[PDB]
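J.: The structure that follows is given in the form of structure tokens.
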Amino acid sequence: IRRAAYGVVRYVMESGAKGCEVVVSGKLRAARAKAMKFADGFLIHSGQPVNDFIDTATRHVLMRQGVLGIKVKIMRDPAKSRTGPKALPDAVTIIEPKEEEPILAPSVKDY
Amino acid sequence: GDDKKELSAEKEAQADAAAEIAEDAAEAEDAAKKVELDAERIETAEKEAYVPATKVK
Amino acid sequence: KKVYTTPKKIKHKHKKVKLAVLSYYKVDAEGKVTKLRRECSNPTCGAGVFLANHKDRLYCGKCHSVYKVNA
RNA sequence: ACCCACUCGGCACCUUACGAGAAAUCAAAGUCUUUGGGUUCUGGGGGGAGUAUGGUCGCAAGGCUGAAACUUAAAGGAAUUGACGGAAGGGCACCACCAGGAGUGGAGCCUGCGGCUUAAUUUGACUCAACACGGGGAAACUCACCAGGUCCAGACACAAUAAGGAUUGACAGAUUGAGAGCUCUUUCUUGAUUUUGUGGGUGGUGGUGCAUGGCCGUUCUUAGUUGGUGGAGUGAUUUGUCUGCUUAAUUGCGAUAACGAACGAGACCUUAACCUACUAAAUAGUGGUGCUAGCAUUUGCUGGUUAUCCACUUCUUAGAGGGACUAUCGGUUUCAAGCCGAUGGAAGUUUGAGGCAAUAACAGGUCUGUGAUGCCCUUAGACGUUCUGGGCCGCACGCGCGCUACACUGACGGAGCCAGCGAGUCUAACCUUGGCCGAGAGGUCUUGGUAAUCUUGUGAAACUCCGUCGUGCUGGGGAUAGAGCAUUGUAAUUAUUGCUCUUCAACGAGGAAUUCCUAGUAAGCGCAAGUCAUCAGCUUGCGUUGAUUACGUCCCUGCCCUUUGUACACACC
Ligand SMILES: [Mg+2]
Ligand SMILES: [Mg+2]
Ligand SMILES: [Mg+2]
Ligand SMILES: [Mg+2]
Ligand SMILES: [Mg+2]
Ligand SMILES: [Mg+2]
Ligand SMILES: [Mg+2]
Ligand SMILES: [Mg+2]
Ligand SMILES: [Mg+2]
Ligand SMILES: [Mg+2]
Ligand SMILES: [Mg+2]
Ligand SMILES: [Mg+2]
Ligand SMILES: [Mg+2]
Ligand SMILES: [Mg+2]
Ligand SMILES: [Mg+2]
Ligand SMILES: [Mg+2]
Ligand SMILES: [Mg+2]
Ligand SMILES: [Mg+2]
Ligand SMILES: [Mg+2]
Ligand SMILES: [Mg+2]
Ligand SMILES: [Mg+2]
Ligand SMILES: [Mg+2]
Ligand SMILES: [Mg+2]
Ligand SMILES: [Mg+2]
Ligand SMILES: [Mg+2]
Ligand SMILES: [Mg+2]
Ligand SMILES: [Mg+2]
Ligand SMILES: [Mg+2]
Ligand SMILES: [Mg+2]
Ligand SMILES: [Mg+2]
Ligand SMILES: [Mg+2]
Ligand SMILES: [Mg+2]
Ligand SMILES: [Zn+2]
């Protein structure tokens, strides 16, 4: 259960994602229901960027015991958007100033 | 899974992703009985396959 | 639930009686064939089908029901 | 007697820790694997058991000395995180109160639940989080219930049967609710498609939501969760993540062995507001001109004319931009975050209203949404499926959401006459203007619309206006009930709905209790959509008329927060 999930989180991550998330719910060799999360990286959960940047899909894997639920969540690097807001609305980047050379008495040039 | 064997999980999962990354990169550069069944009934539509005669009394 | 009320006398389906089929092809004297059980005249029944004989009855079975001929 | 300095010997306390400890802590519990100052005593896993036995002391009660067999994988200690408490300290909220508003609780009916009744009255759900909920407004269908009738749509594999016929069908009659060949009488037909048996499948609103997915509801009208470097602990862990202040908010300020960060809050997104600024529009509208009718005349006032032309974009429409950032100023406060007042502004309550919403929990609900599914039951006299009829509406009563009222801020009759969100017909009968016929309901003839184009300006309802009535269960109220006419539908009986006349009940503002709510909100008021053949007293949205009272607090209640206790961790079920 972990090897298969943990590997998928690695292939998604290795493929340039900002974050991933895998949920397995159901019953697996025991009689009682359990559920694990496998999530590495960065993922937002609220607001419009959800519609923009995270991809959700659930699948029902039907096994001889019962039926598990696979849920996957992939968060794409917004910098590569290529048709979008290129970042999260939180991103407030300041440009850095440049060192100036002071006083230098007036000395106007000509052309 | 028990956390007592978790190391052997993250390694065999990574090794899986290693194989999934090789199959993904090797598949990036890798290496007629016509007879017209719909018309074979119109081709073999020749005669000598019937019989019809009736109406006595 | 409330298993098994069932007022008695179950029902049987059918038999389709054995009836070693037509000997009703009357010959006279070697070897004329005089053909008992007159046939039907419906164009879908090419005279190979015959007519049953009940009272006031000459029924064509090949017609699943049709064309009640009366003689 | 008191003060100051010292010194012995006291009972203690404070800070440190070199040092010690499993830690809690300890100037001894320190000067121990770098293991030795003298000496006394006890203990060797937990029960059994301080029991049995003997000895001895005692008046007694009992004291001292004191086993074993057997049983058992733990018992135990200190600390950490949780979860819980009928402990303490703090907070937050009209699903809490305060100040009130409008009420429900009384009544008639509508509706749902229990109960009873029944051939059946299918069933899920029971504090907030069951009870106008399952989009659950069921005449058939639906449909799961009950009384009965058909059908296999029982794959496939082997075997049996069998071309001298494996099997199929049916006229009429009987029969049956039935023009079901269901079954039987009769006897034609059918041709290897079936039948029979076993194995194996299949269907099922059968069971299990305490086997599951998925989904949803609840905690949550909440504010919580985590990692990098550093500080503490042998360690699980901890500090960060905090007394206070501030906020709707772990929202910030500030204090600070922490520094700086991310998920969640915020940002964001949709909607309602502002543009005489940009781009435009015969499916949106304005002015002018023709053409045109009426009343005035002295030039005027009020209409007609999907294209007779010219121009424009204020109103309408939706594209791109703009705008707000709690701005300016002044109060208040650690002059910090903020907060209150005034000016301005379309807008200054997170601008108003939503959408999205981390980690975790629940044996919450849903196998009756699913050809989502484990297992179990059933599977041909069926728990499959279809057909006929009945039932889910059954009525001594208990409960919940509602509807309509008890009237004169009113009914009634004329008259004025104003919205907004929607929806509407192809292989079809959806939204419907208009003209007639009809008291009405409706009927009939046509027509526009696949829609900013036609219905529709949806001329909606309260409301405004002039009369009639006069406080009398009255002309308030419209339950109940009789007779008649229409519409939906194959069917209306237990009366689908609509109209008409008649019948004219209870109810005189409602006990104890209890819901909801702070501005275009409450309440009053209708309308569109969902459902829908017909049926809204329901819901989801919309606009119309438009208040009173708060702008506070922790008393009630509900929940968060620390503090604290724990022998709980399957965590007070
Ligand atoms: Mg948000
Ligand atoms: Mg110490
Ligand atoms: Mg707080
Ligand atoms: Mg308040
Ligand atoms: Mg009050
Ligand atoms: Mg009251
Ligand atoms: Mg049938
Ligand atoms: Mg079989
Ligand atoms: Mg069997
Ligand atoms: Mg099913
Ligand atoms: Mg459950
Ligand atoms: Mg569930
Ligand atoms: Mg149950
Ligand atoms: Mg509130
Ligand atoms: Mg804390
Ligand atoms: Mg965020
Ligand atoms: Mg404009
Ligand atoms: Mg002002
Ligand atoms: Mg339960
Ligand atoms: Mg389900
Ligand atoms: Mg039926
Ligand atoms: Mg019902
Ligand atoms: Mg309700
Ligand atoms: Mg009136
Ligand atoms: Mg008439
Ligand atoms: Mg037309
Ligand atoms: Mg009246
Ligand atoms: Mg009266
Ligand atoms: Mg009152
Ligand atoms: Mg309707
Ligand atoms: Mg309903
Ligand atoms: Mg504790
Ligand atoms: Zn015939």
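We name chains A, B, ... following the order of the structure tokens; residues begin at 1 in each chain, and ligands are numbered from 1 as shown.
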Within 10 Å of segment 13-29 of chain A, counting only C-alpha atoms (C1' of nucleotides), which residues qualify if same-chain residues fewer than 2 places away don't, as a PyMOL selection string?
T.: (chain A and resi 1-2+5-11+31-44+53-61+63-80) or (chain B and resi 17-18+21) or (chain D and resi 211-213+374)
J.: Considering only C-alpha atoms (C1' of nucleotides), return as a VMD selection string whatever protein or nucleic-acid residues lie within 9 Å of segment 16-27 of chain C, sequence-local ones (same chain, fewer than 4 positions apart) excluded.
T.: (chain C and resid 31 to 37) or (chain D and resid 164 to 165 167)
J.: Could you take the residues named above and write them with C-alpha atoms (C1' of nucleotides), as a PDB file, in the first residue's frame?
T.:
ATOM      1  CA  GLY C  31     -48.395 -46.749 -54.987  1.00  0.00           C
ATOM      2  CA  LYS C  32     -50.786 -43.875 -55.538  1.00  0.00           C
ATOM      3  CA  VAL C  33     -50.789 -41.381 -52.658  1.00  0.00           C
ATOM      4  CA  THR C  34     -54.225 -39.911 -51.929  1.00  0.00           C
ATOM      5  CA  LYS C  35     -53.124 -37.394 -49.264  1.00  0.00           C
ATOM      6  CA  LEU C  36     -55.510 -37.248 -46.336  1.00  0.00           C
ATOM      7  CA  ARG C  37     -55.681 -34.037 -44.243  1.00  0.00           C
TER       8      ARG C  37
ATOM      9  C1'   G D 164     -39.310 -42.314 -36.434  1.00  0.00           C
ATOM     10  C1'   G D 165     -38.971 -35.128 -33.873  1.00  0.00           C
ATOM     11  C1'   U D 167     -38.575 -28.101 -28.824  1.00  0.00           C
TER      12        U D 167
END
J.: Check every residue of chain D for an atom within 12 Å of chain C, counting only C-alpha atoms (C1' of nucleotides), and provide those that qualify as a PDB file with N, CA, C and O atoms (P, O5', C5', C4', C3', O3' and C1' of nucleotides), in the first residue's frame.
T.:
ATOM      1  P     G D 148     -53.915 -14.804  -2.493  1.00  0.00           P
ATOM      2  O5'   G D 148     -54.588 -14.991  -3.920  1.00  0.00           O
ATOM      3  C5'   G D 148     -53.797 -15.300  -5.057  1.00  0.00           C
ATOM      4  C4'   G D 148     -54.406 -14.770  -6.332  1.00  0.00           C
ATOM      5  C3'   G D 148     -53.628 -15.072  -7.600  1.00  0.00           C
ATOM      6  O3'   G D 148     -53.855 -16.369  -8.095  1.00  0.00           O
ATOM      7  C1'   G D 148     -54.177 -12.800  -7.578  1.00  0.00           C
ATOM      8  P     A D 162     -34.098 -40.962 -26.866  1.00  0.00           P
ATOM      9  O5'   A D 162     -34.385 -40.166 -28.213  1.00  0.00           O
ATOM     10  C5'   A D 162     -35.597 -39.447 -28.378  1.00  0.00           C
ATOM     11  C4'   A D 162     -35.449 -38.352 -29.398  1.00  0.00           C
ATOM     12  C3'   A D 162     -34.664 -38.723 -30.644  1.00  0.00           C
ATOM     13  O3'   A D 162     -35.426 -39.530 -31.544  1.00  0.00           O
ATOM     14  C1'   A D 162     -33.868 -36.668 -29.814  1.00  0.00           C
ATOM     15  P     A D 163     -35.558 -39.248 -33.126  1.00  0.00           P
ATOM     16  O5'   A D 163     -34.066 -39.089 -33.664  1.00  0.00           O
ATOM     17  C5'   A D 163     -33.782 -39.152 -35.063  1.00  0.00           C
ATOM     18  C4'   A D 163     -34.812 -38.428 -35.906  1.00  0.00           C
ATOM     19  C3'   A D 163     -34.561 -38.467 -37.409  1.00  0.00           C
ATOM     20  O3'   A D 163     -35.806 -38.481 -38.098  1.00  0.00           O
ATOM     21  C1'   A D 163     -34.530 -36.222 -36.666  1.00  0.00           C
ATOM     22  P     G D 164     -36.205 -39.767 -38.972  1.00  0.00           P
ATOM     23  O5'   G D 164     -37.527 -40.306 -38.273  1.00  0.00           O
ATOM     24  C5'   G D 164     -38.704 -39.510 -38.197  1.00  0.00           C
ATOM     25  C4'   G D 164     -39.753 -40.209 -37.376  1.00  0.00           C
ATOM     26  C3'   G D 164     -39.596 -40.045 -35.867  1.00  0.00           C
ATOM     27  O3'   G D 164     -40.880 -40.182 -35.263  1.00  0.00           O
ATOM     28  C1'   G D 164     -39.310 -42.314 -36.434  1.00  0.00           C
ATOM     29  P     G D 165     -41.209 -39.503 -33.847  1.00  0.00           P
ATOM     30  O5'   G D 165     -40.100 -38.374 -33.683  1.00  0.00           O
ATOM     31  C5'   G D 165     -39.397 -38.227 -32.453  1.00  0.00           C
ATOM     32  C4'   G D 165     -38.925 -36.809 -32.237  1.00  0.00           C
ATOM     33  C3'   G D 165     -40.006 -35.802 -31.854  1.00  0.00           C
ATOM     34  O3'   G D 165     -39.454 -34.840 -30.957  1.00  0.00           O
ATOM     35  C1'   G D 165     -38.971 -35.128 -33.873  1.00  0.00           C
ATOM     36  P     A D 166     -39.592 -35.047 -29.368  1.00  0.00           P
ATOM     37  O5'   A D 166     -38.349 -34.263 -28.764  1.00  0.00           O
ATOM     38  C5'   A D 166     -37.199 -34.960 -28.316  1.00  0.00           C
ATOM     39  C4'   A D 166     -36.078 -34.004 -28.014  1.00  0.00           C
ATOM     40  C3'   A D 166     -36.474 -32.737 -27.277  1.00  0.00           C
ATOM     41  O3'   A D 166     -36.624 -32.919 -25.880  1.00  0.00           O
ATOM     42  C1'   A D 166     -35.077 -32.181 -29.092  1.00  0.00           C
ATOM     43  P     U D 167     -37.742 -32.091 -25.075  1.00  0.00           P
ATOM     44  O5'   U D 167     -37.556 -30.590 -25.584  1.00  0.00           O
ATOM     45  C5'   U D 167     -38.645 -29.676 -25.592  1.00  0.00           C
ATOM     46  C4'   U D 167     -38.390 -28.513 -26.521  1.00  0.00           C
ATOM     47  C3'   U D 167     -39.556 -27.563 -26.749  1.00  0.00           C
ATOM     48  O3'   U D 167     -39.739 -26.629 -25.700  1.00  0.00           O
ATOM     49  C1'   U D 167     -38.575 -28.101 -28.824  1.00  0.00           C
ATOM     50  P     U D 168     -41.192 -26.000 -25.422  1.00  0.00           P
ATOM     51  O5'   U D 168     -41.499 -25.117 -26.715  1.00  0.00           O
ATOM     52  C5'   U D 168     -40.680 -24.004 -27.041  1.00  0.00           C
ATOM     53  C4'   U D 168     -41.139 -23.291 -28.291  1.00  0.00           C
ATOM     54  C3'   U D 168     -42.571 -22.793 -28.304  1.00  0.00           C
ATOM     55  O3'   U D 168     -42.759 -21.619 -27.535  1.00  0.00           O
ATOM     56  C1'   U D 168     -42.038 -23.757 -30.397  1.00  0.00           C
ATOM     57  P     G D 169     -44.143 -21.405 -26.753  1.00  0.00           P
ATOM     58  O5'   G D 169     -45.194 -21.124 -27.920  1.00  0.00           O
ATOM     59  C5'   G D 169     -45.110 -19.938 -28.692  1.00  0.00           C
ATOM     60  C4'   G D 169     -45.938 -20.018 -29.947  1.00  0.00           C
ATOM     61  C3'   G D 169     -47.443 -20.083 -29.773  1.00  0.00           C
ATOM     62  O3'   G D 169     -48.023 -18.828 -29.475  1.00  0.00           O
ATOM     63  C1'   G D 169     -46.767 -21.651 -31.402  1.00  0.00           C
ATOM     64  P     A D 170     -49.179 -18.726 -28.367  1.00  0.00           P
ATOM     65  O5'   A D 170     -50.530 -18.896 -29.187  1.00  0.00           O
ATOM     66  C5'   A D 170     -50.708 -18.258 -30.439  1.00  0.00           C
ATOM     67  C4'   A D 170     -51.629 -19.059 -31.316  1.00  0.00           C
ATOM     68  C3'   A D 170     -53.008 -19.331 -30.740  1.00  0.00           C
ATOM     69  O3'   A D 170     -53.885 -18.244 -30.972  1.00  0.00           O
ATOM     70  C1'   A D 170     -52.094 -21.319 -31.692  1.00  0.00           C
ATOM     71  P     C D 171     -55.362 -18.230 -30.351  1.00  0.00           P
ATOM     72  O5'   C D 171     -56.267 -18.806 -31.517  1.00  0.00           O
ATOM     73  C5'   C D 171     -56.571 -18.005 -32.642  1.00  0.00           C
ATOM     74  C4'   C D 171     -57.565 -18.691 -33.533  1.00  0.00           C
ATOM     75  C3'   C D 171     -58.885 -19.038 -32.873  1.00  0.00           C
ATOM     76  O3'   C D 171     -59.768 -17.933 -32.810  1.00  0.00           O
ATOM     77  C1'   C D 171     -58.082 -20.912 -34.072  1.00  0.00           C
ATOM     78  P     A D 172     -60.247 -17.376 -31.383  1.00  0.00           P
ATOM     79  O5'   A D 172     -61.506 -18.287 -31.025  1.00  0.00           O
ATOM     80  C5'   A D 172     -62.521 -18.542 -31.987  1.00  0.00           C
ATOM     81  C4'   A D 172     -63.267 -19.820 -31.693  1.00  0.00           C
ATOM     82  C3'   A D 172     -63.697 -20.025 -30.252  1.00  0.00           C
ATOM     83  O3'   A D 172     -64.874 -19.310 -29.925  1.00  0.00           O
ATOM     84  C1'   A D 172     -62.736 -22.018 -31.083  1.00  0.00           C
ATOM     85  P     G D 173     -65.147 -18.854 -28.409  1.00  0.00           P
ATOM     86  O5'   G D 173     -65.355 -20.224 -27.620  1.00  0.00           O
ATOM     87  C5'   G D 173     -66.489 -21.049 -27.849  1.00  0.00           C
ATOM     88  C4'   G D 173     -66.353 -22.375 -27.142  1.00  0.00           C
ATOM     89  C3'   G D 173     -66.070 -22.303 -25.649  1.00  0.00           C
ATOM     90  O3'   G D 173     -67.208 -22.032 -24.856  1.00  0.00           O
ATOM     91  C1'   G D 173     -64.559 -23.803 -26.623  1.00  0.00           C
ATOM     92  P     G D 181     -55.531 -15.824 -25.081  1.00  0.00           P
ATOM     93  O5'   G D 181     -55.337 -17.262 -24.438  1.00  0.00           O
ATOM     94  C5'   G D 181     -55.071 -18.378 -25.279  1.00  0.00           C
ATOM     95  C4'   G D 181     -54.126 -19.358 -24.634  1.00  0.00           C
ATOM     96  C3'   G D 181     -52.653 -19.213 -25.010  1.00  0.00           C
ATOM     97  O3'   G D 181     -51.855 -19.620 -23.905  1.00  0.00           O
ATOM     98  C1'   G D 181     -53.401 -21.360 -25.601  1.00  0.00           C
ATOM     99  P     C D 182     -50.978 -18.563 -23.080  1.00  0.00           P
ATOM    100  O5'   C D 182     -50.779 -19.289 -21.675  1.00  0.00           O
ATOM    101  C5'   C D 182     -50.002 -18.716 -20.636  1.00  0.00           C
ATOM    102  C4'   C D 182     -50.332 -19.340 -19.301  1.00  0.00           C
ATOM    103  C3'   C D 182     -50.745 -20.803 -19.327  1.00  0.00           C
ATOM    104  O3'   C D 182     -49.634 -21.676 -19.423  1.00  0.00           O
ATOM    105  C1'   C D 182     -52.195 -19.582 -17.904  1.00  0.00           C
ATOM    106  P     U D 183     -49.793 -23.189 -19.952  1.00  0.00           P
ATOM    107  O5'   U D 183     -51.072 -23.767 -19.193  1.00  0.00           O
ATOM    108  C5'   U D 183     -50.955 -24.585 -18.035  1.00  0.00           C
ATOM    109  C4'   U D 183     -52.302 -25.122 -17.617  1.00  0.00           C
ATOM    110  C3'   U D 183     -52.933 -26.122 -18.579  1.00  0.00           C
ATOM    111  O3'   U D 183     -52.486 -27.452 -18.364  1.00  0.00           O
ATOM    112  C1'   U D 183     -54.514 -24.439 -18.028  1.00  0.00           C
ATOM    113  P     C D 184     -52.338 -28.470 -19.600  1.00  0.00           P
ATOM    114  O5'   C D 184     -53.838 -28.877 -19.938  1.00  0.00           O
ATOM    115  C5'   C D 184     -54.601 -29.659 -19.035  1.00  0.00           C
ATOM    116  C4'   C D 184     -56.047 -29.724 -19.455  1.00  0.00           C
ATOM    117  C3'   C D 184     -56.314 -30.211 -20.873  1.00  0.00           C
ATOM    118  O3'   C D 184     -56.273 -31.624 -20.993  1.00  0.00           O
ATOM    119  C1'   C D 184     -57.619 -28.284 -20.427  1.00  0.00           C
ATOM    120  P     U D 185     -56.081 -32.315 -22.432  1.00  0.00           P
ATOM    121  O5'   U D 185     -57.477 -32.094 -23.165  1.00  0.00           O
ATOM    122  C5'   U D 185     -58.640 -32.786 -22.741  1.00  0.00           C
ATOM    123  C4'   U D 185     -59.822 -32.464 -23.618  1.00  0.00           C
ATOM    124  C3'   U D 185     -59.585 -32.596 -25.114  1.00  0.00           C
ATOM    125  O3'   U D 185     -59.694 -33.936 -25.564  1.00  0.00           O
ATOM    126  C1'   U D 185     -60.671 -30.542 -24.658  1.00  0.00           C
ATOM    127  P     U D 186     -58.460 -34.642 -26.311  1.00  0.00           P
ATOM    128  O5'   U D 186     -58.657 -34.194 -27.813  1.00  0.00           O
ATOM    129  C5'   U D 186     -59.944 -34.250 -28.395  1.00  0.00           C
ATOM    130  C4'   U D 186     -60.000 -33.392 -29.622  1.00  0.00           C
ATOM    131  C3'   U D 186     -58.747 -33.407 -30.478  1.00  0.00           C
ATOM    132  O3'   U D 186     -58.586 -34.616 -31.223  1.00  0.00           O
ATOM    133  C1'   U D 186     -59.415 -31.183 -30.139  1.00  0.00           C
ATOM    134  P     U D 187     -58.485 -34.694 -32.829  1.00  0.00           P
ATOM    135  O5'   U D 187     -57.314 -33.688 -33.231  1.00  0.00           O
ATOM    136  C5'   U D 187     -57.452 -32.855 -34.378  1.00  0.00           C
ATOM    137  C4'   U D 187     -56.142 -32.254 -34.817  1.00  0.00           C
ATOM    138  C3'   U D 187     -54.975 -33.235 -34.975  1.00  0.00           C
ATOM    139  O3'   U D 187     -54.179 -32.850 -36.098  1.00  0.00           O
ATOM    140  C1'   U D 187     -54.364 -31.503 -33.507  1.00  0.00           C
ATOM    141  P     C D 188     -54.404 -33.532 -37.536  1.00  0.00           P
ATOM    142  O5'   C D 188     -53.862 -32.447 -38.561  1.00  0.00           O
ATOM    143  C5'   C D 188     -52.557 -31.911 -38.432  1.00  0.00           C
ATOM    144  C4'   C D 188     -52.592 -30.408 -38.473  1.00  0.00           C
ATOM    145  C3'   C D 188     -51.246 -29.716 -38.586  1.00  0.00           C
ATOM    146  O3'   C D 188     -50.741 -29.682 -39.910  1.00  0.00           O
ATOM    147  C1'   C D 188     -52.478 -28.711 -36.861  1.00  0.00           C
ATOM    148  P     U D 189     -49.197 -30.029 -40.189  1.00  0.00           P
ATOM    149  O5'   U D 189     -48.412 -28.776 -39.607  1.00  0.00           O
ATOM    150  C5'   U D 189     -48.729 -27.463 -40.039  1.00  0.00           C
ATOM    151  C4'   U D 189     -48.265 -26.440 -39.039  1.00  0.00           C
ATOM    152  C3'   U D 189     -46.771 -26.398 -38.787  1.00  0.00           C
ATOM    153  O3'   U D 189     -46.072 -25.686 -39.787  1.00  0.00           O
ATOM    154  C1'   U D 189     -47.923 -26.339 -36.723  1.00  0.00           C
ATOM    155  P     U D 190     -44.646 -26.219 -40.282  1.00  0.00           P
ATOM    156  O5'   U D 190     -43.657 -25.792 -39.114  1.00  0.00           O
ATOM    157  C5'   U D 190     -43.562 -24.443 -38.682  1.00  0.00           C
ATOM    158  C4'   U D 190     -42.826 -24.365 -37.371  1.00  0.00           C
ATOM    159  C3'   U D 190     -41.469 -25.052 -37.353  1.00  0.00           C
ATOM    160  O3'   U D 190     -40.434 -24.209 -37.839  1.00  0.00           O
ATOM    161  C1'   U D 190     -42.741 -25.738 -35.471  1.00  0.00           C
ATOM    162  P     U D 195     -36.125 -23.374 -22.858  1.00  0.00           P
ATOM    163  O5'   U D 195     -36.797 -24.809 -22.870  1.00  0.00           O
ATOM    164  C5'   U D 195     -36.554 -25.707 -21.806  1.00  0.00           C
ATOM    165  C4'   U D 195     -36.962 -27.110 -22.159  1.00  0.00           C
ATOM    166  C3'   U D 195     -36.622 -28.156 -21.116  1.00  0.00           C
ATOM    167  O3'   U D 195     -37.558 -28.193 -20.062  1.00  0.00           O
ATOM    168  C1'   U D 195     -35.946 -28.925 -23.235  1.00  0.00           C
ATOM    169  P     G D 206     -37.163  -5.009  -2.420  1.00  0.00           P
ATOM    170  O5'   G D 206     -35.726  -5.681  -2.380  1.00  0.00           O
ATOM    171  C5'   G D 206     -34.911  -5.570  -1.226  1.00  0.00           C
ATOM    172  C4'   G D 206     -34.956  -6.821  -0.386  1.00  0.00           C
ATOM    173  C3'   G D 206     -34.046  -6.815   0.831  1.00  0.00           C
ATOM    174  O3'   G D 206     -34.617  -6.140   1.939  1.00  0.00           O
ATOM    175  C1'   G D 206     -33.761  -8.837  -0.356  1.00  0.00           C
ATOM    176  P     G D 207     -33.819  -4.932   2.634  1.00  0.00           P
ATOM    177  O5'   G D 207     -32.772  -5.677   3.567  1.00  0.00           O
ATOM    178  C5'   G D 207     -33.211  -6.628   4.521  1.00  0.00           C
ATOM    179  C4'   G D 207     -32.045  -7.351   5.138  1.00  0.00           C
ATOM    180  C3'   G D 207     -30.916  -6.473   5.647  1.00  0.00           C
ATOM    181  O3'   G D 207     -31.179  -5.927   6.927  1.00  0.00           O
ATOM    182  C1'   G D 207     -30.032  -8.282   4.396  1.00  0.00           C
ATOM    183  P     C D 377     -25.835 -18.121   2.256  1.00  0.00           P
ATOM    184  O5'   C D 377     -27.287 -17.484   2.113  1.00  0.00           O
ATOM    185  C5'   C D 377     -28.244 -17.626   3.153  1.00  0.00           C
ATOM    186  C4'   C D 377     -29.455 -16.764   2.908  1.00  0.00           C
ATOM    187  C3'   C D 377     -30.300 -17.127   1.696  1.00  0.00           C
ATOM    188  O3'   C D 377     -31.215 -18.169   1.959  1.00  0.00           O
ATOM    189  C1'   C D 377     -29.888 -14.804   1.702  1.00  0.00           C
ATOM    190  P     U D 378     -31.334 -19.383   0.927  1.00  0.00           P
ATOM    191  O5'   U D 378     -32.170 -18.781  -0.286  1.00  0.00           O
ATOM    192  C5'   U D 378     -33.510 -18.362  -0.101  1.00  0.00           C
ATOM    193  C4'   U D 378     -33.951 -17.441  -1.207  1.00  0.00           C
ATOM    194  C3'   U D 378     -33.915 -18.018  -2.615  1.00  0.00           C
ATOM    195  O3'   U D 378     -35.067 -18.788  -2.917  1.00  0.00           O
ATOM    196  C1'   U D 378     -32.952 -15.847  -2.598  1.00  0.00           C
ATOM    197  P     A D 380     -35.349 -21.810  -8.706  1.00  0.00           P
ATOM    198  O5'   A D 380     -36.798 -22.192  -9.243  1.00  0.00           O
ATOM    199  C5'   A D 380     -37.967 -21.817  -8.521  1.00  0.00           C
ATOM    200  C4'   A D 380     -39.136 -21.542  -9.437  1.00  0.00           C
ATOM    201  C3'   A D 380     -39.439 -22.631 -10.460  1.00  0.00           C
ATOM    202  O3'   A D 380     -40.839 -22.653 -10.714  1.00  0.00           O
ATOM    203  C1'   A D 380     -38.864 -20.630 -11.580  1.00  0.00           C
ATOM    204  P     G D 381     -41.714 -23.898 -10.217  1.00  0.00           P
ATOM    205  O5'   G D 381     -42.821 -23.246  -9.284  1.00  0.00           O
ATOM    206  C5'   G D 381     -43.990 -22.667  -9.848  1.00  0.00           C
ATOM    207  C4'   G D 381     -44.611 -21.666  -8.909  1.00  0.00           C
ATOM    208  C3'   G D 381     -43.627 -20.955  -7.986  1.00  0.00           C
ATOM    209  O3'   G D 381     -44.042 -19.607  -7.808  1.00  0.00           O
ATOM    210  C1'   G D 381     -45.261 -22.067  -6.692  1.00  0.00           C
ATOM    211  P     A D 382     -42.960 -18.430  -7.936  1.00  0.00           P
ATOM    212  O5'   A D 382     -42.201 -18.480  -6.535  1.00  0.00           O
ATOM    213  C5'   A D 382     -40.875 -18.989  -6.447  1.00  0.00           C
ATOM    214  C4'   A D 382     -39.914 -17.911  -6.027  1.00  0.00           C
ATOM    215  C3'   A D 382     -40.551 -16.540  -5.820  1.00  0.00           C
ATOM    216  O3'   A D 382     -39.883 -15.871  -4.758  1.00  0.00           O
ATOM    217  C1'   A D 382     -38.870 -16.385  -7.468  1.00  0.00           C
ATOM    218  P     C D 383     -40.731 -15.147  -3.607  1.00  0.00           P
ATOM    219  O5'   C D 383     -39.882 -13.838  -3.296  1.00  0.00           O
ATOM    220  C5'   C D 383     -40.419 -12.541  -3.515  1.00  0.00           C
ATOM    221  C4'   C D 383     -39.331 -11.501  -3.558  1.00  0.00           C
ATOM    222  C3'   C D 383     -38.348 -11.635  -4.719  1.00  0.00           C
ATOM    223  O3'   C D 383     -37.974 -10.340  -5.190  1.00  0.00           O
ATOM    224  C1'   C D 383     -37.181 -11.795  -2.663  1.00  0.00           C
TER     225        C D 383
END
J.: Given a cut-off of 9 Å, what residues near ligand 22 show up using only C-alpha atoms (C1' of nucleotides) and all ligand atoms, put as a PyMOL selection string?
T.: chain D and resi 112+136+138+392-393
J.: List all protein, DNA and RNA residues that have any atom at most 12 Å from ligand 1, counting only C-alpha atoms (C1' of nucleotides) and all ligand atoms, and write the list as a list in words.
T.: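 Listed by chain and ascending number, the contacts are residues 44, 45, 46, 47, 48, 49, 50 and 89 of chain A; 249, 264, 265, 266, 267, 268, 269, 350, 354, 355, 356, 357 and 358 of chain D.
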J.: Should the cut-off be 10 Å, what would the residue list for chain C against chain B look like, counting only C-alpha atoms, as an MDAnalysis selection string?
T.: chainID C and resid 38:43 45:48
